[PDB]
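Take a look at the structure below.
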Amino acid sequence: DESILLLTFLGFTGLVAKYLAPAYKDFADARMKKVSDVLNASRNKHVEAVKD
Amino acid sequence: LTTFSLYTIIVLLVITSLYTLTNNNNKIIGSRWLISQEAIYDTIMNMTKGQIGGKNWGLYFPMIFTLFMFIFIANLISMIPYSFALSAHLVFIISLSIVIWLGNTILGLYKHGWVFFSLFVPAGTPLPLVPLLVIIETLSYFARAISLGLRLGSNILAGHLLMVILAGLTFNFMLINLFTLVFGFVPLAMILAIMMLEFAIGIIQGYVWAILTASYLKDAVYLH
Amino acid sequence: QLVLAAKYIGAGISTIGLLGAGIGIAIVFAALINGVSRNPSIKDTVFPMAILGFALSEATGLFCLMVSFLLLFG
Amino acid sequence: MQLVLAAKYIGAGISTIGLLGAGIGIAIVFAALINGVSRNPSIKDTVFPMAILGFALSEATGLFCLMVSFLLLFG
Amino acid sequence: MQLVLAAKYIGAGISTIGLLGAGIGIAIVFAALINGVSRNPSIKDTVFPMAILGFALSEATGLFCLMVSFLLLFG
Amino acid sequence: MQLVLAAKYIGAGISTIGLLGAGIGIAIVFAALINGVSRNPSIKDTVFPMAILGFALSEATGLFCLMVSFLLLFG
Amino acid sequence: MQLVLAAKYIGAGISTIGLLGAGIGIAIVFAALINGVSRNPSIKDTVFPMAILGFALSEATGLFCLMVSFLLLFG
Amino acid sequence: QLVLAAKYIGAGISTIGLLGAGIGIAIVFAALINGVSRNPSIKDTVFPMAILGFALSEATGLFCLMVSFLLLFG
Amino acid sequence: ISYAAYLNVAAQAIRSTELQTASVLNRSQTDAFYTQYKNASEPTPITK
Amino acid sequence: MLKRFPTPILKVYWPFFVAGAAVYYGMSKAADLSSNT
Amino acid sequence: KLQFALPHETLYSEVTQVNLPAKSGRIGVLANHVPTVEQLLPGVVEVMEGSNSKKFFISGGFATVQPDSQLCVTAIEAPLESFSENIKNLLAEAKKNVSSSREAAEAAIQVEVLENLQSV
Amino acid sequence: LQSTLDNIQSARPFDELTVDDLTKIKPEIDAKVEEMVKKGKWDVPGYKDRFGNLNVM
Amino acid sequence: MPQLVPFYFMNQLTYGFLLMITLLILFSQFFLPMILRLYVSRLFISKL
């Protein structure tokens with residue numbers, strides 16, 4: 001009986017890995033990119049001050 | 001001892017892993033997994049600064065965070081098709097709700113004296129119906145006691161039972177001959193759709209717990 | 001026997017009254033959301049009144065619920 | 001005996017039905033209060049006492065219904 | 001005996017009708033949210049907490065009704 | 001037993017009534033969506049997620065009725 | 001038995017009541033479509049997919065109701 | 001006897017379902033009339049929308065009706 | 001307060017990244033006066 | 001990595017913890033009453 | 001076409017999409033729109049001609065879709081970028097002015113403009 | 001200053017940069033974190049003021 | 001349901017309230033402040 005439920009669960013995880021998982025990879029990447037760019041920007045900024 | 005004890009331990013171990021095995025020794029750059037637990041932090045920062053904002057909100061921020069994560073994790077774990085009644089042991093969830101409700105009521109009485117009962121005077125309204133509005137304010141105030149638990153309990157329990165009964169029906173479509181196993185898959189697709197809805201509404205219900213018990217705490221800390 | 005049956009049936013019928021409260025609460029909250037989206041800045045005055053309206057709408061439903069307990073337990 | 005007693009309980013259940021209308025009723029009054037006040041920012045001082053009157057009157061129908069329910073049960 | 005058990009299940013069925021009201025109620029709160037946002041999209045962040053709060057409060061009455069159903073069923 | 005079994009099957013039919021409220025509820029959320037999109041031409045990016053959230057919640061109250069219905073019917 | 005057979009023919013009837021809600025629900029989705037298109041004639045190409053979606057979802061709650069009728073009728 | 005009675009009873013209950021469809025058709029036509037009266041001009045696209053909407057509302061009623069006939073006749 | 005006056009004050013506030021021109025400044029500054037009259041009789045030329 | 005920072009809000013959570021204890025005792029008594037038919 | 005204009009200056013005076021902030025909330029016009037009269041409130045405005053989108057800060061005015069697909073927008077003195085930082089400084093001053101300050105209406109407008117700036 | 005510039009060039013991660021390196025470089029990190037816990041707040045307007053911040057809500 | 005009436009209510013509840021106290025402390029003292037380390041570290045980077 002409960003193996004029918006497990007078949008449903010297998011399908012559920014399949015749809016999740018299809019649609020959501022590449023989106024969530026991209027989402028995580030996007031935030032990471034933004035953080036890194038700000039972080040490195042700050043490094044550039046203090047280098048300018050030394051030169052000034 | 002019990003099965004219940006074994007899954008409570010499992011919840012603890014999942015939660016440990018999100019602040020241990022998800023970061024790369026705390027890089028400032030951030031890890032893909034660790035970005036998830038940043039966003040959770042941010043939306044409960046911005047939710048509970050929004051709800052129980054005042055001169056404090058961070059003093060009750062851990063409490064609301066461990067209420068977030070517990071329900072957030074336990075409506076994925078309880079939705080594995082071979083996982084035992086934790087939250088679907090309603091007595092634990094409803095008990096947790098009543099504990100928090102009493103811990104608000106006591107907090108309000110202690111912090112705000114017997115003028116805590118001014119919380120159950122709701123507004124300046126015509127004086128001959130001021131006492132009436134105390135009676136049916138207290139009635140609704142300890143309706144807050146059972147509502148918070150009963151929301152979560154009903155949602156999670158009903159989802160698992162719905163799926164299992166329909167699973168049993170599609171079992172019997174496919175237990176008789178192949179022409180019934182044809183169009184035995186059409187209801188099966190409905191169970192898959194229901195499972196998608198049930199995962200969604202468990203995360204929605206998790207937000208609803210933590211906003212409602214922020215709303216109640218807003219009321220309890222800030223009188224009226 | 002029949003008396004035991006009767007309280008179970010009667011409890012069922014009394015609970016239907018709650019239907020009105022479920023619609024009722026929502027009409028108050030709907031009006032809150034509609035009002036605040038129309039005005040923007042009304043929300044401070046209106047939000048207390050809306051919670052009052054909610055309490056009263058709910059209160060009728062709690063009476064329905066209390067009749068059910070009065071039949072079933074009492 | 002059992003049937004007569006039963007009829008009280010069942011009849012009471014049926015009686016409780018009337019209350020649903022009052023629940024919707026209170027909300028309809030309050031909706032208009034909110035809508036009106038959101039329009040003016042300033043109607044509220046005139047409109048609020050009018051609204052309490054409307055609330056009471058809609059509520060009263062509910063109380064009559066509750067009264068009949070009590071007449072069967074307690075009476 | 002059969003009568004007692006029958007009646008338990010009859011009373012349970014009957015209680016379930018009350019939930020329908022709450023089902024309409026959830027939709028009404030969300031309709032207001034959607035309408036509000038479309039009529040002023042600047043409101044959206046301020047409104048979002050109040051909206052979720054109102055949905056929950058609406059839902060609760062149906063679940064109280066449902067709790068009576070389980071009260072009958074489990075006893 | 002014939003009485004208890006018949007009571008279950010009747011009671012199931014009674015429970016089925018509860019679903020109607022959610023059904024109307026779905027239409028109300030979607031109506032709000034259609035109206036809102038027609039207002040802005042462009043609100044849809046924010047609003048379409050709100051509509052899905054609302055739909056699910058209204059639907060859930062309906063499903064709770066169905067689960068009581070099936071509890072009598074199958075069970 | 002006779003009681004059980006009776007329960008099927010009656011109980012089926014009870015289930016049929018729920019369907020009225022879906023009928024109304026469908027009309028509401030279509031009403032919103034007409035109003036939407038009235039408000040902006042060029043909204044149609046985006047909106048028509050949304051309309052068929054709303055129709056189907058509202059209809060689905062009705063379907064679950066209609067199934068319970070058929071389960072009693074032919075089971 | 002009870003089974004033959006139950007057929008006639010069952011049919012009667014089913015007749016109730018039709019009420020919703022009757023309201024439903026009217027609402028669609030009301031929307032047609034309103035849309036048209038506001039615009040003078042949306043009509044040629046909209047008229048098929050209205051007919052479709054009538055049909056679908058009516059169809060749900062028809063399901064109620066056929067169940068009424070099925071219960072009456074067997 | 002008249003609708004176009006209401007819009008006017010908003011427009012004046014609106015002449016405050018930045019990108020400023022003479023025509024704007026002139027559109028928001030005027031030295032004109034309005035002289036009320038009665039009868040012949042003249043209540044003063046209050047600044048507009 | 002892991003670091004403990006003391007949170008002095010455990011004396012802020014005194015009414016919450018007290019409520020847990022009361023219910024803990026009460027559920028012992030409730031369990032005994034329900035385990036008796 | 002679209003008529004987007006000021007008194008002393010004149011802009012686009014139907015254009016693809018125009019998004020308007022009105023007493024009726026927000027109104028969108030896409031190609032032919034059924035003919036309306038709407039008062040434009042003080043606004044953040046989007047005009048899109050094709051996929052290209054131009055973003056406008058508008059001092060309110062009047063909007064009228066004509067039946068012949070002429071979206072007459074008339075407004076006083078607008079740009080969005082022009083309105084911007086100096087305005088943030090002004091808003092501080094304007095709060096002070098609101099304290100003291102027809103003067104009530106002026107102060108109400110100052111609050112409106114402050115909000116309108118927060119939208120930028 | 002030549003040395004200070006060189007130190008930024010020859011000592012600066014930004015790939016394998018960890019909070020462990022910053023805790024090591026200033027005990028100010030732990031001082032502020034503890035002080036914030038004492039403060040009963042957890043909002044730092046810098047995590048959002050220029051660093052990315054998003055709230056799910 | 002038989003899965004809602006065990007006699008094990010107090011047993012369950014003991015393990016249940018223990019998990020709550022454990023997670024509360026664990027978050028509050030350990031795991032919440034390491035996210036606040038990310039916040040503070042970012043603010044130190046904001047300064048330089």
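Identifiers in the structure tokens: chain A, B, ... in order shown; residue index from 1 per chain; ligand index from 1 in order shown.
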
Chain fit, chain F moved to chain D over all Cα pairs in order, as a short mmCIF file (atom, residue, chain, number, x, y, z; two decimals) with C-alpha atoms, in the first residue's frame:
data_model
loop_
_atom_site.label_atom_id
_atom_site.label_comp_id
_atom_site.auth_asym_id
_atom_site.auth_seq_id
_atom_site.Cartn_x
_atom_site.Cartn_y
_atom_site.Cartn_z
CA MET F 1 -39.34 11.14 27.53
CA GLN F 2 -36.10 10.06 25.81
CA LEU F 3 -37.71 11.14 22.55
CA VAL F 4 -38.74 14.62 23.80
CA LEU F 5 -35.30 15.22 25.35
CA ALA F 6 -33.48 14.09 22.23
CA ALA F 7 -35.77 16.31 20.16
CA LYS F 8 -34.85 19.28 22.28
CA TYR F 9 -31.09 18.64 21.87
CA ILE F 10 -31.32 18.15 18.11
CA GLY F 11 -33.61 21.18 17.76
CA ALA F 12 -31.07 23.26 19.66
CA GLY F 13 -28.40 22.36 17.09
CA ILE F 14 -30.81 23.40 14.31
CA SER F 15 -31.41 26.76 16.01
CA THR F 16 -27.61 27.34 16.20
CA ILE F 17 -27.62 27.69 12.39
CA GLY F 18 -29.62 30.93 12.81
CA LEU F 19 -26.65 32.70 14.50
CA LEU F 20 -24.53 32.55 11.32
CA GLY F 21 -26.51 35.36 9.62
CA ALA F 22 -25.83 37.88 12.37
CA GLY F 23 -22.12 36.87 12.41
CA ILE F 24 -21.66 37.76 8.73
CA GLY F 25 -23.77 40.85 9.43
CA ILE F 26 -21.26 42.19 11.97
CA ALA F 27 -18.45 41.91 9.40
CA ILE F 28 -20.51 43.83 6.83
CA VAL F 29 -21.05 46.82 9.18
CA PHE F 30 -17.36 46.92 10.11
CA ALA F 31 -16.32 46.57 6.49
CA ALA F 32 -18.43 49.64 5.68
CA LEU F 33 -16.74 51.49 8.52
CA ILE F 34 -13.23 50.60 7.29
CA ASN F 35 -14.05 51.61 3.72
CA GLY F 36 -15.67 54.88 4.80
CA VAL F 37 -12.74 55.95 6.99
CA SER F 38 -10.32 55.15 4.17
CA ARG F 39 -12.36 57.40 1.88
CA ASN F 40 -12.37 60.54 4.03
CA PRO F 41 -9.53 60.13 6.42
CA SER F 42 -11.85 62.02 8.75
CA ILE F 43 -15.50 60.91 8.60
CA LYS F 44 -14.95 58.80 11.73
CA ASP F 45 -16.33 61.21 14.36
CA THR F 46 -19.84 61.05 12.85
CA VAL F 47 -19.63 57.53 11.45
CA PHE F 48 -18.20 55.63 14.43
CA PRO F 49 -21.46 56.03 16.42
CA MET F 50 -23.48 54.88 13.37
CA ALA F 51 -21.32 51.75 13.22
CA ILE F 52 -21.94 50.94 16.87
CA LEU F 53 -25.73 51.39 16.39
CA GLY F 54 -25.74 49.11 13.34
CA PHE F 55 -23.59 46.45 15.04
CA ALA F 56 -25.90 46.24 18.02
CA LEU F 57 -29.01 45.85 15.86
CA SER F 58 -27.56 43.10 13.65
CA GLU F 59 -26.26 41.34 16.77
CA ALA F 60 -29.73 41.47 18.37
CA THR F 61 -31.39 39.46 15.59
CA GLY F 62 -28.66 36.85 16.16
CA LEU F 63 -29.26 36.80 19.92
CA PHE F 64 -32.98 36.12 19.33
CA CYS F 65 -31.96 32.90 17.54
CA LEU F 66 -29.69 32.04 20.46
CA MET F 67 -32.49 32.56 22.98
CA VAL F 68 -34.70 30.05 21.08
CA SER F 69 -31.67 27.70 20.96
CA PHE F 70 -31.24 27.96 24.74
CA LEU F 71 -34.99 27.62 25.29
CA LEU F 72 -34.75 24.16 23.78
CA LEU F 73 -31.24 23.30 25.11
CA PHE F 74 -31.43 24.28 28.77
CA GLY F 75 -35.21 24.44 28.87
#

Given identical sequences, what C-alpha RMSD separates chain H from chain C after least-squares superposition over all Cα in order?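 With chain H fitted onto chain C, the C-alpha RMSD reads 0.6 Å.
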
What does the distance from CA of residue 25 (chain A) to CA of residue 73 (chain B) come to in Å, to one decimal? 20.0 Å

Here is a test: counting only C-alpha atoms, which residue of L:11, L:1, L:33, L:25 is nearest to chain J?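 Once distances to chain J are computed over only C-alpha atoms, the minimum belongs to L:33.
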
Residues at most 9 Å from region 5-17 of chain K, counting only C-alpha atoms, excluding those fewer than 5 positions away in the same chain, as a PyMOL selection string? (chain F and resi 41) or (chain I and resi 23+27) or (chain K and resi 28-33+46-51+53+68-78)

Now that the selection is made, can you save its residues with N, CA and C atoms as a CSV table (one decimal), in the first residue's frame?
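That gives us out_11.csv:
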chain,number,residue,atom,x,y,z
F,41,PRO,N,-2.0,46.4,-16.4
F,41,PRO,CA,-1.2,45.6,-17.3
F,41,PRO,C,0.1,45.0,-16.9
I,23,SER,N,14.5,77.7,-17.2
I,23,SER,CA,13.1,77.7,-17.4
I,23,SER,C,12.3,77.0,-16.3
I,27,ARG,N,9.6,78.9,-14.0
I,27,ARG,CA,8.4,78.2,-13.8
I,27,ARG,C,8.0,78.0,-12.3
K,28,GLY,N,-3.0,51.0,-16.5
K,28,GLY,CA,-2.1,50.6,-17.5
K,28,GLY,C,-2.9,50.8,-18.8
K,29,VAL,N,-2.2,51.2,-19.8
K,29,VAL,CA,-2.7,51.4,-21.1
K,29,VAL,C,-1.7,50.6,-21.9
K,30,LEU,N,-2.2,49.8,-22.9
K,30,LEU,CA,-1.4,49.0,-23.7
K,30,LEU,C,-2.2,49.1,-24.9
K,31,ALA,N,-1.5,49.5,-26.0
K,31,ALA,CA,-2.2,49.6,-27.3
K,31,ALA,C,-3.4,50.4,-27.2
K,32,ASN,N,-4.5,50.0,-27.9
K,32,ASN,CA,-5.9,50.5,-27.6
K,32,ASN,C,-6.3,50.1,-26.2
K,33,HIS,N,-6.8,51.1,-25.5
K,33,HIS,CA,-7.4,50.9,-24.1
K,33,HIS,C,-8.7,51.5,-24.3
K,46,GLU,N,5.7,55.4,-16.1
K,46,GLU,CA,6.6,54.7,-17.0
K,46,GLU,C,5.8,54.8,-18.3
K,47,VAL,N,6.6,55.0,-19.3
K,47,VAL,CA,6.2,55.1,-20.7
K,47,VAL,C,7.1,54.2,-21.3
K,48,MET,N,6.6,53.3,-22.2
K,48,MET,CA,7.3,52.3,-22.9
K,48,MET,C,6.9,52.5,-24.3
K,49,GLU,N,7.8,52.6,-25.2
K,49,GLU,CA,7.6,52.8,-26.6
K,49,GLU,C,8.5,51.7,-27.0
K,50,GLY,N,7.9,50.7,-27.8
K,50,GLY,CA,8.4,49.4,-27.9
K,50,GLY,C,8.7,48.7,-26.5
K,51,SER,N,9.8,47.9,-26.5
K,51,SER,CA,10.3,47.4,-25.3
K,51,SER,C,11.1,48.4,-24.5
K,53,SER,N,11.9,51.6,-22.3
K,53,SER,CA,11.1,52.0,-21.2
K,53,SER,C,11.8,53.2,-20.7
K,68,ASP,N,-9.9,57.4,-30.3
K,68,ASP,CA,-9.1,57.2,-31.5
K,68,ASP,C,-7.7,56.8,-31.2
K,69,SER,N,-7.5,56.3,-30.0
K,69,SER,CA,-6.2,55.8,-29.4
K,69,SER,C,-5.2,56.9,-29.3
K,70,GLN,N,-5.7,58.0,-28.7
K,70,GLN,CA,-4.8,59.1,-28.4
K,70,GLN,C,-4.8,59.2,-26.9
K,71,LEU,N,-3.7,58.8,-26.2
K,71,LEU,CA,-3.6,58.9,-24.8
K,71,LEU,C,-3.0,60.3,-24.5
K,72,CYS,N,-3.9,61.3,-24.3
K,72,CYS,CA,-3.6,62.6,-23.9
K,72,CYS,C,-3.1,62.6,-22.4
K,73,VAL,N,-1.8,62.7,-22.2
K,73,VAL,CA,-1.3,63.0,-20.8
K,73,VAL,C,-0.8,64.4,-20.9
K,74,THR,N,-1.2,65.2,-19.9
K,74,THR,CA,-0.8,66.5,-19.7
K,74,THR,C,-0.4,66.6,-18.3
K,75,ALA,N,0.8,67.2,-18.0
K,75,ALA,CA,1.3,67.3,-16.7
K,75,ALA,C,2.2,68.5,-16.6
K,76,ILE,N,2.5,69.0,-15.4
K,76,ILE,CA,3.1,70.4,-15.3
K,76,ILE,C,4.6,70.3,-15.5
K,77,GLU,N,5.5,70.2,-14.5
K,77,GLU,CA,6.9,70.2,-14.7
K,77,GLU,C,7.4,68.9,-14.1
K,78,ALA,N,8.0,68.0,-14.9
K,78,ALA,CA,8.5,66.8,-14.5
K,78,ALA,C,9.8,66.9,-13.7

Among chain J, which residues carry a DSSP assignment of helix (DSSP H, G or I), reported as a PDB file with C-alpha atoms, in the first residue's frame?
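Written output follows (result_34.pdb):
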ATOM      1  CA  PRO J   8      21.465  36.248  29.069  1.00  0.00           C
ATOM      2  CA  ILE J   9      17.858  35.961  27.849  1.00  0.00           C
ATOM      3  CA  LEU J  10      17.400  32.665  29.641  1.00  0.00           C
ATOM      4  CA  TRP J  14      11.621  32.220  32.827  1.00  0.00           C
ATOM      5  CA  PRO J  15       7.757  32.264  32.366  1.00  0.00           C
ATOM      6  CA  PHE J  16       8.091  30.119  29.206  1.00  0.00           C
ATOM      7  CA  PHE J  17      10.159  27.479  31.024  1.00  0.00           C
ATOM      8  CA  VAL J  18       7.794  27.504  34.013  1.00  0.00           C
ATOM      9  CA  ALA J  19       4.864  26.811  31.660  1.00  0.00           C
ATOM     10  CA  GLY J  20       6.754  23.839  30.190  1.00  0.00           C
ATOM     11  CA  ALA J  21       7.272  22.330  33.652  1.00  0.00           C
ATOM     12  CA  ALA J  22       3.602  22.659  34.639  1.00  0.00           C
ATOM     13  CA  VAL J  23       2.430  20.934  31.478  1.00  0.00           C
ATOM     14  CA  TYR J  24       5.151  18.267  31.904  1.00  0.00           C
ATOM     15  CA  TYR J  25       3.638  17.280  35.265  1.00  0.00           C
ATOM     16  CA  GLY J  26       0.078  17.619  33.959  1.00  0.00           C
ATOM     17  CA  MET J  27       0.732  15.280  31.021  1.00  0.00           C
ATOM     18  CA  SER J  28       1.995  12.617  33.443  1.00  0.00           C
ATOM     19  CA  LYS J  29      -1.399  12.778  35.188  1.00  0.00           C
ATOM     20  CA  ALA J  30      -3.253  12.996  31.869  1.00  0.00           C
ATOM     21  CA  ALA J  31      -1.390   9.980  30.476  1.00  0.00           C
ATOM     22  CA  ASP J  32      -2.311   7.920  33.533  1.00  0.00           C
ATOM     23  CA  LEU J  33      -5.988   8.884  33.245  1.00  0.00           C
ATOM     24  CA  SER J  34      -6.145   8.039  29.527  1.00  0.00           C
TER      25      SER J  34
END

At a cut-off of 12 Å, which residues of chain M touch chain E? Count only C-alpha atoms and give the answer as a PyMOL selection string. chain M and resi 1-5

File of the preceding selection, N, CA and C atoms, as an mmCIF file, in the first residue's frame:
data_model
loop_
_atom_site.group_PDB
_atom_site.id
_atom_site.type_symbol
_atom_site.label_atom_id
_atom_site.label_comp_id
_atom_site.auth_asym_id
_atom_site.auth_seq_id
_atom_site.Cartn_x
_atom_site.Cartn_y
_atom_site.Cartn_z
ATOM 1 N N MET M 1 -7.906 7.715 15.613
ATOM 2 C CA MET M 1 -6.866 6.830 15.027
ATOM 3 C C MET M 1 -6.020 6.228 16.115
ATOM 4 N N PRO M 2 -5.353 5.093 15.889
ATOM 5 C CA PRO M 2 -4.622 4.409 16.941
ATOM 6 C C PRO M 2 -3.277 5.079 17.037
ATOM 7 N N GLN M 3 -2.977 5.984 16.077
ATOM 8 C CA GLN M 3 -1.706 6.632 15.921
ATOM 9 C C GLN M 3 -1.827 7.981 16.575
ATOM 10 N N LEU M 4 -2.952 8.218 17.294
ATOM 11 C CA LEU M 4 -3.245 9.445 17.987
ATOM 12 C C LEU M 4 -3.685 9.107 19.388
ATOM 13 N N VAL M 5 -3.850 7.801 19.712
ATOM 14 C CA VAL M 5 -4.069 7.386 21.078
ATOM 15 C C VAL M 5 -3.067 6.291 21.379
#

To one decimal place, how far is CA of residue 135 (chain B) from CA of residue 220 (chain B) in Å?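 Atom-to-atom, CA of residue 135 (chain B) to CA of residue 220 (chain B), that is 17.8 Å.
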
In Å, how far is it from CA of residue 53 (chain L) to CA of residue 31 (chain A)?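 Distance reported for this atom pair: 8.9 Å.
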
Check the smallest atom-to-atom distance from each of M:33, M:40, M:14, M:24 to chain B using only C-alpha atoms, then report the winner.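 With only C-alpha atoms as the atom set, the closest residue is M:24.
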
Residue list for chain B near chain G as a VMD selection string, 12 Å, only C-alpha atoms: chain B and resid 166 169 187 190 193

Go ahead and save the residues from that selection, with C-alpha atoms, as a compact mmCIF listing (two decimals), in the first residue's frame.
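Writing the result to result-v5.txt gives the following:
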# COMPACT_ATOMS: atom_id res chain seq x y z
CA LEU B 166 -6.18 7.76 -2.18
CA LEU B 169 -7.75 3.33 -3.81
CA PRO B 187 -5.82 9.36 -9.94
CA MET B 190 -3.71 13.54 -8.49
CA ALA B 193 -0.23 16.92 -7.23

Show which residues sit within 6 Å of residue 36 (chain A), as a ChimeraX atom specification. Count only C-alpha atoms, and ignore same-chain residues fewer than 3 positions away. /A:33,39 /B:29

Just want the 7 Å neighbourhood of region 9-11 of chain H, counted on only C-alpha atoms, with same-chain residues fewer than 2 positions away dropped. Output as a CSV table (one decimal) with C-alpha atoms, in the first residue's frame.
chain,number,residue,atom,x,y,z
G,9,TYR,CA,-29.4,6.1,-3.8
G,10,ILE,CA,-30.1,8.8,-1.2
G,12,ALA,CA,-25.7,10.0,-4.0
G,13,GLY,CA,-28.3,12.7,-3.9
H,5,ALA,CA,-38.8,5.3,-2.0
H,6,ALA,CA,-35.1,6.0,-1.9
H,7,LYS,CA,-35.0,6.3,-5.7
H,13,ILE,CA,-32.1,15.9,-3.5
H,14,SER,CA,-30.3,16.1,-6.8
H,15,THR,CA,-32.7,18.8,-8.1
H,68,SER,CA,-31.6,13.4,-10.6
H,69,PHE,CA,-32.8,11.4,-13.6
H,71,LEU,CA,-31.7,8.2,-9.2
H,72,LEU,CA,-35.4,8.5,-10.3

Select, as a PyMOL selection string, those residues of chain M with any atom no more than 12 Å from chain L (distances computed using only C-alpha atoms). chain M and resi 28-30+32-48

The selected residues should be written to file as a CSV table (one decimal), in the first residue's frame (atoms: N, CA, C and O atoms).
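The result, stored in selection.csv:
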chain,number,residue,atom,x,y,z
M,28,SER,N,20.5,29.8,20.0
M,28,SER,CA,20.6,31.1,20.7
M,28,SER,C,22.1,31.4,20.9
M,28,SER,O,22.5,32.5,20.6
M,29,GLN,N,22.8,30.4,21.5
M,29,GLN,CA,24.2,30.7,21.9
M,29,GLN,C,25.2,30.3,20.8
M,29,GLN,O,26.3,31.0,20.8
M,30,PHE,N,24.9,29.4,19.9
M,30,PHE,CA,25.9,28.9,19.0
M,30,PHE,C,25.6,29.4,17.6
M,30,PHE,O,26.5,30.1,17.1
M,32,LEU,N,23.0,31.1,15.9
M,32,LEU,CA,22.7,32.5,15.6
M,32,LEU,C,23.8,33.4,15.7
M,32,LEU,O,23.9,34.2,14.8
M,33,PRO,N,24.8,33.3,16.6
M,33,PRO,CA,25.9,34.3,16.6
M,33,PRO,C,26.9,34.0,15.5
M,33,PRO,O,27.7,34.9,15.3
M,34,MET,N,27.0,32.8,14.9
M,34,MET,CA,27.9,32.7,13.8
M,34,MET,C,27.4,33.3,12.5
M,34,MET,O,28.2,33.5,11.6
M,35,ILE,N,26.1,33.5,12.4
M,35,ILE,CA,25.5,34.3,11.3
M,35,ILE,C,25.8,35.7,11.6
M,35,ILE,O,26.1,36.5,10.7
M,36,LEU,N,25.8,36.1,12.9
M,36,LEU,CA,26.0,37.5,13.3
M,36,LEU,C,27.5,37.8,13.0
M,36,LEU,O,27.8,39.0,12.8
M,37,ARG,N,28.4,36.8,13.0
M,37,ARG,CA,29.8,36.9,12.6
M,37,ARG,C,29.9,37.3,11.2
M,37,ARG,O,30.7,38.1,10.8
M,38,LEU,N,29.0,36.7,10.3
M,38,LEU,CA,28.9,37.1,8.9
M,38,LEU,C,28.5,38.5,8.8
M,38,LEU,O,29.1,39.3,7.9
M,39,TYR,N,27.6,39.0,9.6
M,39,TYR,CA,27.1,40.4,9.5
M,39,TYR,C,28.2,41.3,9.9
M,39,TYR,O,28.4,42.3,9.2
M,40,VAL,N,28.9,41.1,11.0
M,40,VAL,CA,29.9,41.9,11.6
M,40,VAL,C,31.1,41.9,10.7
M,40,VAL,O,31.8,43.0,10.5
M,41,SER,N,31.4,40.8,10.1
M,41,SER,CA,32.6,40.6,9.2
M,41,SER,C,32.4,41.5,8.0
M,41,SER,O,33.3,42.2,7.5
M,42,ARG,N,31.2,41.4,7.4
M,42,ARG,CA,30.7,42.2,6.3
M,42,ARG,C,30.8,43.7,6.6
M,42,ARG,O,31.3,44.4,5.7
M,43,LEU,N,30.5,44.1,7.8
M,43,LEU,CA,30.6,45.5,8.3
M,43,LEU,C,32.0,46.0,8.4
M,43,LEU,O,32.3,47.2,8.2
M,44,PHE,N,32.9,45.1,8.8
M,44,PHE,CA,34.3,45.4,8.9
M,44,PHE,C,34.9,45.6,7.5
M,44,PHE,O,35.8,46.4,7.3
M,45,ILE,N,34.4,44.8,6.5
M,45,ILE,CA,34.7,44.9,5.1
M,45,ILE,C,34.1,46.1,4.5
M,45,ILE,O,34.8,46.8,3.7
M,46,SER,N,33.0,46.6,5.0
M,46,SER,CA,32.3,47.8,4.6
M,46,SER,C,33.1,49.0,5.0
M,46,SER,O,33.2,49.9,4.2
M,47,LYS,N,33.8,48.9,6.2
M,47,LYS,CA,34.7,50.0,6.6
M,47,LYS,C,35.9,50.1,5.8
M,47,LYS,O,36.3,51.2,5.4
M,48,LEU,N,36.5,48.9,5.3
M,48,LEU,CA,37.7,49.0,4.5
M,48,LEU,C,37.3,48.5,3.1
M,48,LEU,O,36.6,49.3,2.4

Compute the chain A side of the contact with chain M at 8 Å, counting only C-alpha atoms, and hand it back as a ChimeraX atom specification. /A:39,42-43,45-46

H:4, H:20, H:37, H:43 ranked by distance to chain G, top pick (using only C-alpha atoms):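 Using only C-alpha atoms, the shortest distance to chain G belongs to H:20.
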
Taking the backbone alone, and naming residues the way the document does, which bits of region 8-56 of chain K are strand (DSSP E or B) by DSSP, as a PyMOL selection string? chain K and resi 10+17-22+25-30+37-40+43-49+52-56

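For chain K, the residues having at least one atom no farther than 10 Å from chain E, when counting only C-alpha atoms, are residues 21, 22, 23, 24, 25, 26, 27 and 119 of chain K.
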
Given the selection you just returned, output its residues as a file containing C-alpha atoms, formatted as a CSV table (one decimal), in the first residue's frame.
chain,number,residue,atom,x,y,z
K,21,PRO,CA,-0.6,56.6,-11.3
K,22,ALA,CA,-4.1,57.9,-11.0
K,23,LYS,CA,-6.8,58.5,-8.4
K,24,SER,CA,-8.1,55.1,-9.6
K,25,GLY,CA,-4.9,53.5,-8.3
K,26,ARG,CA,-2.7,52.6,-11.1
K,27,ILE,CA,-3.8,52.3,-14.7
K,119,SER,CA,9.3,55.9,-4.7
